[PDB]
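The structure under discussion appears below in the form of structure tokens.
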Amino acid sequence: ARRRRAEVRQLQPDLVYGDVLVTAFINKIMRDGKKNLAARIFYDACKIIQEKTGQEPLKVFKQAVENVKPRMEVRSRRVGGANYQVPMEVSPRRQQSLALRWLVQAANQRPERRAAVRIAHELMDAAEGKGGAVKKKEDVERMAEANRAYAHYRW
Amino acid sequence: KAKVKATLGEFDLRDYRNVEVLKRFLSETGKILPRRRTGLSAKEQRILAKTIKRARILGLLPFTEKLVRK
Amino acid sequence: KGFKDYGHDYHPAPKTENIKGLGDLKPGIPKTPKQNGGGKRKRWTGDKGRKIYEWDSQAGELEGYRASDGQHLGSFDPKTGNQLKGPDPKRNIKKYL
Amino acid sequence: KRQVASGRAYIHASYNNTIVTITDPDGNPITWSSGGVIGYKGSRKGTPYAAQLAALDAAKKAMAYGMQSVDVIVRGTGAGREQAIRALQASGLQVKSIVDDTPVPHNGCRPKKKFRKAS
RNA sequence: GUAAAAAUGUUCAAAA
RNA sequence: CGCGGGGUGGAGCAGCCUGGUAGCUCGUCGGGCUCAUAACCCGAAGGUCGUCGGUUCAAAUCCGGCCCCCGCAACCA
RNA sequence: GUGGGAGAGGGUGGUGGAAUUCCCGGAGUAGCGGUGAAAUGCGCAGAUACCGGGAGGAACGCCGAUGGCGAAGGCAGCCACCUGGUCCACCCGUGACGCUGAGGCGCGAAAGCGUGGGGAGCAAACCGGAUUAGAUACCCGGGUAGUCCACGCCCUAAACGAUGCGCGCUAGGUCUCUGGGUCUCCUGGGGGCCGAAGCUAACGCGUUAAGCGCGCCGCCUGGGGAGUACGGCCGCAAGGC
Ligand SMILES: [Mg+2]
Ligand SMILES: [Mg+2]
Ligand SMILES: [Mg+2]
Ligand SMILES: [Mg+2]
Ligand SMILES: [Mg+2]
Ligand SMILES: [Mg+2]
Ligand SMILES: [Mg+2]
Ligand SMILES: [Mg+2]
Ligand SMILES: [Mg+2]
Ligand SMILES: [Mg+2]
Ligand SMILES: [Mg+2]
Ligand SMILES: [Mg+2]
Ligand SMILES: [Mg+2]
Ligand SMILES: [Mg+2]
Ligand SMILES: [Mg+2]
Ligand SMILES: [Mg+2]
Ligand SMILES: [Mg+2]
Ligand SMILES: [Mg+2]
Ligand SMILES: [Mg+2]
Ligand SMILES: [Mg+2]
Ligand SMILES: [Mg+2]
Ligand SMILES: [Mg+2]
Ligand SMILES: [Mg+2]
Ligand SMILES: [Mg+2]
Ligand SMILES: [Mg+2]
Ligand SMILES: [Mg+2]
Ligand SMILES: [Mg+2]
Ligand SMILES: [Mg+2]
Ligand SMILES: [Mg+2]
Ligand SMILES: [Mg+2]
Ligand SMILES: [Mg+2]
Ligand SMILES: [Mg+2]
Ligand SMILES: [Mg+2]
Ligand SMILES: [Mg+2]
Ligand SMILES: [Mg+2]
Ligand SMILES: [Mg+2]
Ligand SMILES: [Mg+2]
Ligand SMILES: [Mg+2]
Ligand SMILES: [Mg+2]
Ligand SMILES: [Mg+2]
Ligand SMILES: [Mg+2]
Ligand SMILES: [Mg+2]
Ligand SMILES: [Mg+2]
Ligand SMILES: [Mg+2]
Ligand SMILES: [Mg+2]
Ligand SMILES: [Mg+2]
Ligand SMILES: [Mg+2]
Ligand SMILES: [Mg+2]
Ligand SMILES: [Mg+2]
Ligand SMILES: [Mg+2]
Ligand SMILES: [Mg+2]
Ligand SMILES: [Mg+2]
Ligand SMILES: [Mg+2]
Ligand SMILES: [Mg+2]
Ligand SMILES: [Mg+2]
Ligand SMILES: [Mg+2]
Ligand SMILES: [Mg+2]
Ligand SMILES: [Mg+2]
Ligand SMILES: [Mg+2]
Ligand SMILES: [Mg+2]
Ligand SMILES: [Mg+2]
Ligand SMILES: [Mg+2]
Ligand SMILES: [Mg+2]
Ligand SMILES: [Mg+2]
Ligand SMILES: [Mg+2]
Ligand SMILES: [Mg+2]
Ligand SMILES: [Mg+2]
Ligand SMILES: [Mg+2]
């Protein structure tokens, strides 16, 4: 805002895995202030992880998120005339926030039925480096460079 | 910094033939330099240029060559 | 049809009861300035009486604004009760009523 | 059709575009490039990034004929001139020398209007 | 020394 | 009527100059997104290549029947 | 009168390099150009970029400036010739010969006009492209008079310091150009800022006055109509008084 740099709210570490990064994800999964059904589903998914994935449903989460992080994004910018969308670097915590969001959306966008199964599958794929929210990241990066010329427009 | 007027003794500023004598007033590209860097007065800087030009006509003093390294 | 002037450059308000254009004609104030008119035209909210007429002196004509929004609704002949225009999108009278 | 060690490279950068042409010990072209040559077009040519790729693709081709030590002469005030010099140095070519020889009338023929504006 | 691009409509008094 | 140059995404339309490559703008669809609009930006449906046939692991390419539109010397009792 | 000073003062002739365009030659290839973004435009019939050679015209970069000169308009590379005004020093000459100035005469930016010449760049008009509701404009691509020279007209202007010229008197401080000299400063001419007293409607002016006085010319007397109409004069005309 106009005054200060807002306030970087802090997270209350997971209550089953404990971590301020596994919690936020549960915020997005959450709808209508239902922290309840939120977390719940997140683990019901971790379960499905084990099922076939004999891997830790904790790193399969850390990895996924990692593969879906926008190194650089393209943000608009009205110039002395028409508007140009400049390519810039994404804040570290900005990369996270987004990396997560898309995951959630990319999850519901799947043809699955149990929200757990979805948030489950997606995370697998996202970790494999080839999912739905992944395309988004591979893509949002494509935007940059494409408009690499307008580099001299960094604000 | 080093004032051009300084670095030299008693010279005839109306000597359109003394290469170096005059050759040392032409910036780094031939530009006949200002008092702010030569240090002559009104009546001087004048009679100076007049003569500096004369020398340019005789292939002695250059007209411009754009300094090297940019 | 048209005007009927002699030495005067503006049409006078014909006061009522002659104006058989609409029903119930009912007189009213002098609120809304003239186009530099020296004042304020003659109004006759009138049939309904949720309807207003102010007079066009140059024009010869009285023009209807709604009782509610205050939006120009037409121009009509005092003679007949046949309108003369379209509704002008661009003026409002309720700032004067 | 020849292959010379030492050569020369010219930089021309008008606010609309930047062109680089590599010559020889005399000034006779070996190859060139610029904004459009790369893949850009229009306004996105006066852009520095553009200039960059250019100077690169320029010398990049010069490599074929085997170019190494080559002076540099710059002409322009291009909103993308430096990148030219930079991209050059940072190439398989050694910037043997950098000079600025942008033409300039010693007050001669009247200019257009977009320029005559100075009076 | 250089913001592309955007027209136009309304009409009085209160103080001593 | 005879030589002999090509058909391709709906359209504009490159390779055939020495045989594995399904090229791109505009246009169509969503988006990015702007003041509207527009250049631009990214993904994308959009070409058995007319086809009976020879050639090959693979054929639009080496090439035969002419099927058709353009070019078409000239001729025309 | 004498001896010296500075200056883009004016006229004639001559001369230099930078750069633009066009031509010629070489090298080289897929775009250049341009804008807010584009398009028209130019380019495979080889353009843009580079190198070399040639022609031609116009203007004079750095010096250069709150700078100088001239009555104003106005004046700028360098060189020579012809020529004007002006400042200081010397107190040598003449001895009021001075100031102003209706009318008259000369000069007078740019544009414009005539005859002839010249024509690179720029550019009214004009043609295109975009923008826009339109765009007879702004922006872009082209482009002719004209700009340039000689001779002759034209005679206007925010021709502005919006301040007529001349002489005397009324604190200085500061910086700048140019002189003379018993060179931390004195002294004369000129260009700026801040400012005594004072004037002023205020804004501001102030030894360069809009201060304080005298001599002479010019002009004003409510806004619009109107710098129009008529008459007169001048002009090739446009027009001017
Ligand atoms: Mg000088
Ligand atoms: Mg009115
Ligand atoms: Mg451009
Ligand atoms: Mg613009
Ligand atoms: Mg409009
Ligand atoms: Mg109107
Ligand atoms: Mg209207
Ligand atoms: Mg009004
Ligand atoms: Mg009382
Ligand atoms: Mg002189
Ligand atoms: Mg002459
Ligand atoms: Mg001359
Ligand atoms: Mg030349
Ligand atoms: Mg021409
Ligand atoms: Mg040629
Ligand atoms: Mg063409
Ligand atoms: Mg061809
Ligand atoms: Mg060819
Ligand atoms: Mg050269
Ligand atoms: Mg040349
Ligand atoms: Mg004067
Ligand atoms: Mg002047
Ligand atoms: Mg003289
Ligand atoms: Mg003299
Ligand atoms: Mg004395
Ligand atoms: Mg005497
Ligand atoms: Mg005496
Ligand atoms: Mg005496
Ligand atoms: Mg005597
Ligand atoms: Mg006597
Ligand atoms: Mg005597
Ligand atoms: Mg005369
Ligand atoms: Mg004149
Ligand atoms: Mg003229
Ligand atoms: Mg003439
Ligand atoms: Mg004639
Ligand atoms: Mg002529
Ligand atoms: Mg011509
Ligand atoms: Mg001709
Ligand atoms: Mg032009
Ligand atoms: Mg426009
Ligand atoms: Mg418009
Ligand atoms: Mg408009
Ligand atoms: Mg407009
Ligand atoms: Mg133009
Ligand atoms: Mg033009
Ligand atoms: Mg004409
Ligand atoms: Mg004419
Ligand atoms: Mg003429
Ligand atoms: Mg007059
Ligand atoms: Mg007078
Ligand atoms: Mg002295
Ligand atoms: Mg003085
Ligand atoms: Mg003084
Ligand atoms: Mg006082
Ligand atoms: Mg006072
Ligand atoms: Mg003052
Ligand atoms: Mg004084
Ligand atoms: Mg003074
Ligand atoms: Mg003064
Ligand atoms: Mg008079
Ligand atoms: Mg009057
Ligand atoms: Mg009157
Ligand atoms: Mg007049
Ligand atoms: Mg008359
Ligand atoms: Mg006559
Ligand atoms: Mg005529
Ligand atoms: Mg007349």
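Identifiers in this document derive from the order of the structure tokens: chains are assigned A, B, ..., residues are numbered from 1 separately in each chain, and ligands are numbered from 1 in order of occurrence.
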Problem set entry | Contacts with ligand 37 at most 9 Å, only C-alpha atoms (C1' of nucleotides) and all ligand atoms counted, listed as JSON, numbers by chain | {"G": [115, 116, 117]}
With N, CA, C and O atoms (P, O5', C5', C4', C3', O3' and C1' of nucleotides) kept, could you save the residues just selected as a PDB file, in the first residue's frame?
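Writing done, so here's again.pdb:
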```pdb
ATOM      1  P     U G 115       8.648  37.463 -65.551  1.00  0.00           P
ATOM      2  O5'   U G 115      10.130  37.917 -65.925  1.00  0.00           O
ATOM      3  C5'   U G 115      10.360  38.890 -66.964  1.00  0.00           C
ATOM      4  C4'   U G 115      11.843  39.047 -67.229  1.00  0.00           C
ATOM      5  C3'   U G 115      12.660  37.763 -67.253  1.00  0.00           C
ATOM      6  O3'   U G 115      12.605  37.052 -68.473  1.00  0.00           O
ATOM      7  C1'   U G 115      13.771  39.358 -65.922  1.00  0.00           C
ATOM      8  P     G G 116      12.734  35.455 -68.448  1.00  0.00           P
ATOM      9  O5'   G G 116      14.247  35.202 -68.011  1.00  0.00           O
ATOM     10  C5'   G G 116      15.330  35.613 -68.870  1.00  0.00           C
ATOM     11  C4'   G G 116      16.677  35.424 -68.197  1.00  0.00           C
ATOM     12  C3'   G G 116      16.991  34.081 -67.550  1.00  0.00           C
ATOM     13  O3'   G G 116      17.406  33.072 -68.453  1.00  0.00           O
ATOM     14  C1'   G G 116      17.700  35.827 -66.123  1.00  0.00           C
ATOM     15  P     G G 117      17.334  31.532 -67.996  1.00  0.00           P
ATOM     16  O5'   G G 117      18.435  31.427 -66.849  1.00  0.00           O
ATOM     17  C5'   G G 117      19.835  31.644 -67.137  1.00  0.00           C
ATOM     18  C4'   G G 117      20.675  31.531 -65.876  1.00  0.00           C
ATOM     19  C3'   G G 117      20.608  30.247 -65.057  1.00  0.00           C
ATOM     20  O3'   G G 117      21.499  29.248 -65.541  1.00  0.00           O
ATOM     21  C1'   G G 117      20.536  32.136 -63.623  1.00  0.00           C
TER      22        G G 117
END
```
For this session: Set the cut-off to 8 Å, count only C-alpha atoms (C1' of nucleotides) and all ligand atoms, and list whatever residues fall near ligand 40 as JSON, numbers by chain.
Result: {"D": [112], "G": [122, 123, 142, 143]}
For this session: Might you pull out every residue within 8 Å of residue 73 of chain D, with only C-alpha atoms (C1' of nucleotides) counted and same-chain residues fewer than 3 positions away left off, and present them as a PyMOL selection string?
Result: chain D and resi 9-11+98-101
Output file for the selection above: N, CA, C and O atoms, as an mmCIF file, in the first residue's frame:
```cif
data_model
loop_
_atom_site.group_PDB
_atom_site.id
_atom_site.type_symbol
_atom_site.label_atom_id
_atom_site.label_comp_id
_atom_site.auth_asym_id
_atom_site.auth_seq_id
_atom_site.Cartn_x
_atom_site.Cartn_y
_atom_site.Cartn_z
ATOM 1 N N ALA D 9 34.292 -4.218 -37.803
ATOM 2 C CA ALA D 9 32.854 -4.315 -37.578
ATOM 3 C C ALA D 9 32.227 -2.936 -37.344
ATOM 4 O O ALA D 9 32.708 -2.141 -36.528
ATOM 5 N N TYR D 10 31.152 -2.659 -38.074
ATOM 6 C CA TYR D 10 30.477 -1.382 -37.950
ATOM 7 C C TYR D 10 29.155 -1.463 -37.219
ATOM 8 O O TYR D 10 28.387 -2.417 -37.371
ATOM 9 N N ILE D 11 28.906 -0.436 -36.417
ATOM 10 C CA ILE D 11 27.681 -0.342 -35.652
ATOM 11 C C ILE D 11 26.890 0.878 -36.089
ATOM 12 O O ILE D 11 27.397 1.997 -36.130
ATOM 13 N N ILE D 98 37.741 -0.056 -29.981
ATOM 14 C CA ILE D 98 36.424 0.570 -30.086
ATOM 15 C C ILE D 98 36.506 2.072 -30.342
ATOM 16 O O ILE D 98 37.024 2.817 -29.521
ATOM 17 N N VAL D 99 35.977 2.512 -31.480
ATOM 18 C CA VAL D 99 36.006 3.924 -31.837
ATOM 19 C C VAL D 99 34.615 4.455 -32.145
ATOM 20 O O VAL D 99 33.751 3.710 -32.606
ATOM 21 N N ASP D 100 34.398 5.744 -31.899
ATOM 22 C CA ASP D 100 33.102 6.350 -32.191
ATOM 23 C C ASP D 100 33.236 7.402 -33.280
ATOM 24 O O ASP D 100 33.803 8.470 -33.051
ATOM 25 N N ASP D 101 32.714 7.095 -34.464
ATOM 26 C CA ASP D 101 32.770 8.031 -35.576
ATOM 27 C C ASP D 101 31.389 8.331 -36.129
ATOM 28 O O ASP D 101 31.107 8.062 -37.291
#
```
Problem set entry | Spatial neighbours of segment 125-131 of chain G, max dist 12 Å, only C-alpha atoms (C1' of nucleotides), sep filter under 3 positions, as a PyMOL selection string | (chain E and resi 4-6) or (chain F and resi 37-38) or (chain G and resi 34-41+134-146)
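Those residues of chain E that fall within 9 Å of chain C when using only C-alpha atoms (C1' of nucleotides) read residues 9, 10, 11 and 12 of chain E.
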Take the residues from that selection and write them out as a PDB file, in the first residue's frame, keeping C-alpha atoms (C1' of nucleotides).
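What follows is the written file again.pdb:
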```pdb
ATOM      1  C1'   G E   9     -23.690  20.798 -23.093  1.00  0.00           C
ATOM      2  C1'   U E  10     -26.865  25.205 -16.925  1.00  0.00           C
ATOM      3  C1'   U E  11     -28.256  29.495 -14.813  1.00  0.00           C
ATOM      4  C1'   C E  12     -30.563  34.482 -10.043  1.00  0.00           C
TER       5        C E  12
END
```
Problem set entry | Filtered DSSP result for chain D, state strand (DSSP E), as a VMD selection string | chain D and resid 7 to 14 17 to 23 31 to 34 69 to 76 94 to 100
Based on the selection just made, write N, CA, C and O atoms of those residues as a compact mmCIF listing (two decimals), in the first residue's frame.
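In the end it all went to part-v7.txt:
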```
# COMPACT_ATOMS: atom_id res chain seq x y z
N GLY D 7 39.82 -8.18 -38.96
CA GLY D 7 38.81 -7.56 -39.79
C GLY D 7 38.32 -6.25 -39.23
O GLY D 7 39.10 -5.47 -38.68
N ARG D 8 37.02 -6.00 -39.36
CA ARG D 8 36.40 -4.77 -38.88
C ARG D 8 34.89 -4.96 -38.72
O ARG D 8 34.29 -5.77 -39.42
N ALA D 9 34.29 -4.22 -37.80
CA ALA D 9 32.85 -4.32 -37.58
C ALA D 9 32.23 -2.94 -37.34
O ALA D 9 32.71 -2.14 -36.53
N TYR D 10 31.15 -2.66 -38.07
CA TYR D 10 30.48 -1.38 -37.95
C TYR D 10 29.15 -1.46 -37.22
O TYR D 10 28.39 -2.42 -37.37
N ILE D 11 28.91 -0.44 -36.42
CA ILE D 11 27.68 -0.34 -35.65
C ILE D 11 26.89 0.88 -36.09
O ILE D 11 27.40 2.00 -36.13
N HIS D 12 25.64 0.64 -36.44
CA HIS D 12 24.75 1.70 -36.86
C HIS D 12 23.47 1.48 -36.06
O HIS D 12 22.78 0.47 -36.25
N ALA D 13 23.16 2.39 -35.15
CA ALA D 13 21.96 2.24 -34.35
C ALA D 13 21.10 3.50 -34.31
O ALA D 13 21.38 4.42 -33.55
N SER D 14 20.07 3.54 -35.15
CA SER D 14 19.15 4.66 -35.18
C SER D 14 18.05 4.25 -34.21
O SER D 14 17.79 3.06 -34.04
N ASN D 17 16.26 1.20 -35.28
CA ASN D 17 16.91 -0.09 -35.46
C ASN D 17 18.42 0.00 -35.38
O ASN D 17 19.00 1.08 -35.52
N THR D 18 19.06 -1.14 -35.16
CA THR D 18 20.51 -1.22 -35.04
C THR D 18 21.08 -2.25 -36.01
O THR D 18 20.77 -3.44 -35.94
N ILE D 19 21.94 -1.79 -36.91
CA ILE D 19 22.55 -2.67 -37.87
C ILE D 19 24.06 -2.76 -37.67
O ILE D 19 24.73 -1.76 -37.43
N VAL D 20 24.56 -3.99 -37.74
CA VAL D 20 25.99 -4.25 -37.59
C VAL D 20 26.49 -4.98 -38.83
O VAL D 20 25.91 -5.97 -39.27
N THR D 21 27.56 -4.46 -39.41
CA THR D 21 28.14 -5.05 -40.60
C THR D 21 29.64 -5.22 -40.40
O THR D 21 30.35 -4.25 -40.07
N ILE D 22 30.11 -6.45 -40.60
CA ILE D 22 31.52 -6.80 -40.44
C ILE D 22 32.26 -6.76 -41.78
O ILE D 22 31.85 -7.40 -42.75
N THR D 23 33.35 -6.00 -41.82
CA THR D 23 34.15 -5.84 -43.03
C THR D 23 35.51 -6.52 -42.92
O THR D 23 35.68 -7.50 -42.19
N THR D 31 29.86 -9.94 -43.92
CA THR D 31 28.52 -10.34 -43.56
C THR D 31 27.96 -9.25 -42.66
O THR D 31 28.70 -8.35 -42.26
N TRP D 32 26.66 -9.31 -42.36
CA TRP D 32 26.00 -8.31 -41.52
C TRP D 32 24.78 -8.89 -40.81
O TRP D 32 24.51 -10.09 -40.88
N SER D 33 24.04 -8.01 -40.13
CA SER D 33 22.82 -8.36 -39.42
C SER D 33 22.23 -7.15 -38.69
O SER D 33 22.86 -6.09 -38.62
N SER D 34 21.02 -7.32 -38.15
CA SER D 34 20.33 -6.25 -37.42
C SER D 34 18.92 -6.66 -37.05
O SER D 34 18.41 -7.67 -37.54
N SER D 69 40.41 -10.77 -34.41
CA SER D 69 40.75 -9.41 -34.00
C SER D 69 40.12 -8.46 -35.00
O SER D 69 40.47 -8.48 -36.18
N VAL D 70 39.21 -7.62 -34.52
CA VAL D 70 38.52 -6.68 -35.39
C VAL D 70 38.16 -5.38 -34.69
O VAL D 70 37.50 -5.40 -33.65
N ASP D 71 38.59 -4.26 -35.25
CA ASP D 71 38.28 -2.97 -34.66
C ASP D 71 36.77 -2.80 -34.63
O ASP D 71 36.02 -3.66 -35.11
N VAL D 72 36.32 -1.69 -34.07
CA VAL D 72 34.90 -1.42 -33.98
C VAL D 72 34.66 0.07 -34.16
O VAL D 72 35.33 0.89 -33.53
N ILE D 73 33.73 0.40 -35.04
CA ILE D 73 33.40 1.79 -35.26
C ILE D 73 31.90 1.91 -35.02
O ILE D 73 31.11 1.12 -35.55
N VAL D 74 31.52 2.87 -34.19
CA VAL D 74 30.12 3.08 -33.87
C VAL D 74 29.55 4.37 -34.43
O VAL D 74 30.19 5.42 -34.42
N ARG D 75 28.33 4.25 -34.93
CA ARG D 75 27.61 5.36 -35.51
C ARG D 75 26.15 5.24 -35.06
O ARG D 75 25.47 4.24 -35.32
N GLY D 76 25.71 6.27 -34.35
CA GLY D 76 24.35 6.29 -33.85
C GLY D 76 24.29 6.73 -32.41
O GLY D 76 25.28 7.15 -31.83
N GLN D 94 37.53 -10.96 -30.54
CA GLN D 94 38.21 -10.08 -29.60
C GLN D 94 38.11 -8.62 -30.03
O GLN D 94 38.68 -8.23 -31.05
N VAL D 95 37.40 -7.82 -29.24
CA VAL D 95 37.21 -6.41 -29.55
C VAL D 95 38.51 -5.60 -29.59
O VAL D 95 38.74 -4.70 -28.78
N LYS D 96 39.35 -5.94 -30.56
CA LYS D 96 40.65 -5.30 -30.79
C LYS D 96 40.69 -3.76 -30.67
O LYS D 96 41.77 -3.18 -30.59
N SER D 97 39.53 -3.10 -30.65
CA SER D 97 39.50 -1.64 -30.54
C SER D 97 38.10 -1.07 -30.76
O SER D 97 37.37 -1.54 -31.63
N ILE D 98 37.74 -0.06 -29.98
CA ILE D 98 36.42 0.57 -30.09
C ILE D 98 36.51 2.07 -30.34
O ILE D 98 37.02 2.82 -29.52
N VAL D 99 35.98 2.51 -31.48
CA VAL D 99 36.01 3.92 -31.84
C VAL D 99 34.61 4.45 -32.14
O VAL D 99 33.75 3.71 -32.61
N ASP D 100 34.40 5.74 -31.90
CA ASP D 100 33.10 6.35 -32.19
C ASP D 100 33.24 7.40 -33.28
O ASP D 100 33.80 8.47 -33.05
```
For this session: Measuring atom to atom with only C-alpha atoms (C1' of nucleotides), identify which of D:102, D:15, D:35, D:44 is nearest to chain F.
Result: D:44
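If you look at atom CA of residue 18 of chain B and atom CA of residue 50 of chain B, they are 14.0 Å away from each other.
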Problem set entry | Distance filter 10 Å around ligand 23, atoms: only C-alpha atoms (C1' of nucleotides) and all ligand atoms, out as an NGL selection string | :G and (7 or 9 or 83-86)
For this session: Pick out the residues sitting within 9 Å of segment 4-15 of chain B, and hand them over as a count of residues only; count only C-alpha atoms (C1' of nucleotides), and ignore anything fewer than 3 positions along from it in its own chain.
Result: 16
Problem set entry | Close residues to ligand 50 using only C-alpha atoms (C1' of nucleotides) and all ligand atoms, limit 12 Å, as an NGL selection string | :G and (155-157 or 159 or 227 or 240-241)
Output for the residues just chosen: N, CA, C and O atoms (P, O5', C5', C4', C3', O3' and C1' of nucleotides) as a PDB file, in the first residue's frame:
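Done, and the output landed in out-v3.pdb:
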```
ATOM      1  P     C G 155       4.338  49.061 -51.060  1.00  0.00           P
ATOM      2  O5'   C G 155       5.193  48.978 -49.713  1.00  0.00           O
ATOM      3  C5'   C G 155       4.947  47.943 -48.723  1.00  0.00           C
ATOM      4  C4'   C G 155       5.838  48.148 -47.517  1.00  0.00           C
ATOM      5  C3'   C G 155       5.792  49.555 -46.921  1.00  0.00           C
ATOM      6  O3'   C G 155       6.033  49.439 -45.517  1.00  0.00           O
ATOM      7  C1'   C G 155       7.990  49.044 -47.556  1.00  0.00           C
ATOM      8  P     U G 156       5.313  50.424 -44.468  1.00  0.00           P
ATOM      9  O5'   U G 156       4.562  49.377 -43.560  1.00  0.00           O
ATOM     10  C5'   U G 156       3.431  48.722 -44.068  1.00  0.00           C
ATOM     11  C4'   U G 156       3.447  47.282 -43.675  1.00  0.00           C
ATOM     12  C3'   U G 156       3.758  46.970 -42.230  1.00  0.00           C
ATOM     13  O3'   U G 156       2.660  47.248 -41.377  1.00  0.00           O
ATOM     14  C1'   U G 156       4.900  45.461 -43.645  1.00  0.00           C
ATOM     15  P     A G 157       2.935  47.838 -39.917  1.00  0.00           P
ATOM     16  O5'   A G 157       3.631  46.607 -39.200  1.00  0.00           O
ATOM     17  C5'   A G 157       2.913  45.382 -39.060  1.00  0.00           C
ATOM     18  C4'   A G 157       3.729  44.354 -38.309  1.00  0.00           C
ATOM     19  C3'   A G 157       4.584  44.793 -37.126  1.00  0.00           C
ATOM     20  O3'   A G 157       3.837  45.040 -35.938  1.00  0.00           O
ATOM     21  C1'   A G 157       5.767  43.211 -38.430  1.00  0.00           C
ATOM     22  P     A G 159       8.450  42.331 -33.579  1.00  0.00           P
ATOM     23  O5'   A G 159       9.353  43.643 -33.598  1.00  0.00           O
ATOM     24  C5'   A G 159       8.843  44.913 -34.071  1.00  0.00           C
ATOM     25  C4'   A G 159       9.907  45.612 -34.881  1.00  0.00           C
ATOM     26  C3'   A G 159      10.025  47.124 -34.746  1.00  0.00           C
ATOM     27  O3'   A G 159      10.845  47.504 -33.645  1.00  0.00           O
ATOM     28  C1'   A G 159      10.124  46.499 -37.035  1.00  0.00           C
ATOM     29  P     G G 227     -10.265  46.040 -37.714  1.00  0.00           P
ATOM     30  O5'   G G 227      -8.801  46.675 -37.701  1.00  0.00           O
ATOM     31  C5'   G G 227      -8.032  46.802 -38.916  1.00  0.00           C
ATOM     32  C4'   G G 227      -8.426  48.053 -39.672  1.00  0.00           C
ATOM     33  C3'   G G 227      -7.694  48.258 -41.005  1.00  0.00           C
ATOM     34  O3'   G G 227      -8.611  48.760 -41.976  1.00  0.00           O
ATOM     35  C1'   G G 227      -7.492  50.189 -39.689  1.00  0.00           C
ATOM     36  P     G G 240      -2.730  46.224 -46.829  1.00  0.00           P
ATOM     37  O5'   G G 240      -1.614  47.358 -46.885  1.00  0.00           O
ATOM     38  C5'   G G 240      -0.240  47.044 -46.602  1.00  0.00           C
ATOM     39  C4'   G G 240       0.644  48.202 -46.972  1.00  0.00           C
ATOM     40  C3'   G G 240       0.220  49.549 -46.398  1.00  0.00           C
ATOM     41  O3'   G G 240       0.676  49.757 -45.059  1.00  0.00           O
ATOM     42  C1'   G G 240       0.632  49.768 -48.713  1.00  0.00           C
ATOM     43  P     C G 241      -0.330  50.377 -43.958  1.00  0.00           P
ATOM     44  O5'   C G 241      -0.259  51.938 -44.271  1.00  0.00           O
ATOM     45  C5'   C G 241       0.991  52.630 -44.162  1.00  0.00           C
ATOM     46  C4'   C G 241       0.929  53.987 -44.827  1.00  0.00           C
ATOM     47  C3'   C G 241      -0.094  54.979 -44.304  1.00  0.00           C
ATOM     48  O3'   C G 241       0.349  55.650 -43.141  1.00  0.00           O
ATOM     49  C1'   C G 241      -0.119  54.988 -46.673  1.00  0.00           C
TER      50        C G 241
END
```
Problem set entry | Expected answer as number ranges by chain: residues within 12 Å of ligand 29, only C-alpha atoms (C1' of nucleotides) and all ligand atoms | G: 92-95
Residues from last step as file, N, CA and C atoms (P, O5', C5', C4', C3', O3' and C1' of nucleotides), as a PDB file, in the first residue's frame:
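What ended up in out-v3.pdb:
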```pdb
ATOM      1  P     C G  92      46.280  72.562 -25.169  1.00  0.00           P
ATOM      2  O5'   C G  92      47.474  71.826 -25.921  1.00  0.00           O
ATOM      3  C5'   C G  92      48.631  72.562 -26.356  1.00  0.00           C
ATOM      4  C4'   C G  92      48.698  72.563 -27.863  1.00  0.00           C
ATOM      5  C3'   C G  92      47.426  73.042 -28.545  1.00  0.00           C
ATOM      6  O3'   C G  92      47.452  74.458 -28.719  1.00  0.00           O
ATOM      7  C1'   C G  92      48.084  70.947 -29.452  1.00  0.00           C
ATOM      8  P     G G  93      46.072  75.286 -28.767  1.00  0.00           P
ATOM      9  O5'   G G  93      45.548  75.080 -30.254  1.00  0.00           O
ATOM     10  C5'   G G  93      46.369  75.427 -31.380  1.00  0.00           C
ATOM     11  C4'   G G  93      45.608  75.193 -32.659  1.00  0.00           C
ATOM     12  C3'   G G  93      44.290  75.937 -32.765  1.00  0.00           C
ATOM     13  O3'   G G  93      44.492  77.239 -33.288  1.00  0.00           O
ATOM     14  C1'   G G  93      43.962  73.658 -33.330  1.00  0.00           C
ATOM     15  P     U G  94      43.480  78.425 -32.885  1.00  0.00           P
ATOM     16  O5'   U G  94      42.083  77.978 -33.513  1.00  0.00           O
ATOM     17  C5'   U G  94      41.797  78.146 -34.926  1.00  0.00           C
ATOM     18  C4'   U G  94      40.336  77.861 -35.197  1.00  0.00           C
ATOM     19  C3'   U G  94      39.350  78.728 -34.429  1.00  0.00           C
ATOM     20  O3'   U G  94      39.074  79.900 -35.198  1.00  0.00           O
ATOM     21  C1'   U G  94      38.723  76.437 -34.291  1.00  0.00           C
ATOM     22  P     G G  95      38.835  81.312 -34.465  1.00  0.00           P
ATOM     23  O5'   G G  95      37.496  81.104 -33.624  1.00  0.00           O
ATOM     24  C5'   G G  95      36.305  80.585 -34.239  1.00  0.00           C
ATOM     25  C4'   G G  95      35.364  80.049 -33.185  1.00  0.00           C
ATOM     26  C3'   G G  95      34.808  81.071 -32.200  1.00  0.00           C
ATOM     27  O3'   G G  95      33.466  80.718 -31.914  1.00  0.00           O
ATOM     28  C1'   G G  95      35.968  79.368 -31.023  1.00  0.00           C
TER      29        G G  95
END
```
